[PDB]
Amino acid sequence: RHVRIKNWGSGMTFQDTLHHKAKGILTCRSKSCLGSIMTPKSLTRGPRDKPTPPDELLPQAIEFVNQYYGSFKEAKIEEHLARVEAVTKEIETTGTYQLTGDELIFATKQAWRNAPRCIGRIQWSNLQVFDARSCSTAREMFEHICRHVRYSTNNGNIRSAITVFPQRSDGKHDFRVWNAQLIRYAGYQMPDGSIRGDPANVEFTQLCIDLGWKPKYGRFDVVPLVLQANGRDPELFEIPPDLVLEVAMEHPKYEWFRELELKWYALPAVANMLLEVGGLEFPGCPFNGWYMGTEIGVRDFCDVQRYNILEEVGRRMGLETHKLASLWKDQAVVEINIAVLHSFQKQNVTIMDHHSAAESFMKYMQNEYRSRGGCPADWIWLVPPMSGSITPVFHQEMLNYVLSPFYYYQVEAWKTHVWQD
């Protein structure tokens, strides 16, 4: 009836029953396990050129309404029954339906709660929701986004929020933001063959240039927002500088560290995912939380395909960077990460270290099993990129599965966009 889950670090067990409600979209079979694929198509939700048949939609809608009313501490049969009725008639007389403000709030929080790859879910109930479903132009989208950025940045005391643009209709009037993130630095391929800035963003930066943006050829240039309104061709908008809070990096001991002249933005915001709820699809729903130190210290600064600064920090510390077995790399990554946490704290900007994040997630996980007999979780994304087994999550067996509402991936907009002009 269930799958038994064990934590080898404490001996604790959990019984997972919630997985039975999961959708059958994972590409794993008895023949092979595909769990480690980065962007599996099973987690992606591509474009459409026609509306969702009322046929397929009605069940999901009812299913969602039931999920929503069931969550109430006290049944409300009348309201529940009446809502089930309203939704049915609406789907028949219009071909789709509209969620109420309260249902949208519930949905965005539940989709977060159902995100397997997110270690910060213990905060799932503290989420600000900006209802931008009546948005109609690209410039209006830009204004909602600036409001979101200002609200969440909050002078360094970061707050989580999501802005929801209009739901998908026939799939030809999609409202979305092409950028993978709201704030991101440019990457440029220089005339001399070198790469300046974030090497993983060269392709998108080039797209911006081709759309008219003026490359500033700097190391930390914030790219503009490429906004798509009502299925129209995308329009560029630059975020005002005063809204982009940045933290300059320093090390509490190595004074030469500031000489590297490094910095990073304080707001981590995913802008290109799709919210699925009761059969409804929202292709435009940027959301943000706050940073976990290792995202910047380990991935952005130390990935070879990113800023790749590990060797330089190594030399400056005076390590034997010619001998792998000296573990100079491991010593350097810890110092770089210490600098990230120190710099954020020094400037009073919210950030979280990976130990604290791992611990809070274990608490969250335990509450989810006692509250709903399950917690979808993707071990591969939850274990931090450094000091894995030193954290409690490493020793925790987990089940990964897709529920609904859910945040899905999408295919980059520029790959499937049919340019009108």
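In case it trips you up, residue 1 is the first one in the sequence shown, and so on.
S30, present in the displayed chain, goes without coordinates in a third or more of the other PDB entries compared that cover both sides of it. The stretch 249 to 257 shows the higher mean C-alpha B-factor when 297 to 305 is compared against 249 to 257 in the entry.
Here 75 to 83 and 184 to 192 are compared by their mean Cα B-factor, and 75 to 83 comes out higher. The entry assigns its greatest Cα B factor, within the set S30, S387, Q396, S360, to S30. In this entry, the residue among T94, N288, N337, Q123 with the greatest C-alpha B factor is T94. In the PDB entry, a CA B factor belonging to the lowest third of its chain's modelled residues is recorded for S356. Per the PDB record, residue ranking by Cα B-factor puts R315 in the highest third of the chain. Per the PDB record, residue ranking by Cα B-factor puts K89 in the highest third of the chain. Ranked by Cα temperature factor within the chain, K216 sits in the highest third according to the deposited record. Per the PDB record, residue ranking by Cα B-factor puts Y68 in the highest third of the chain.
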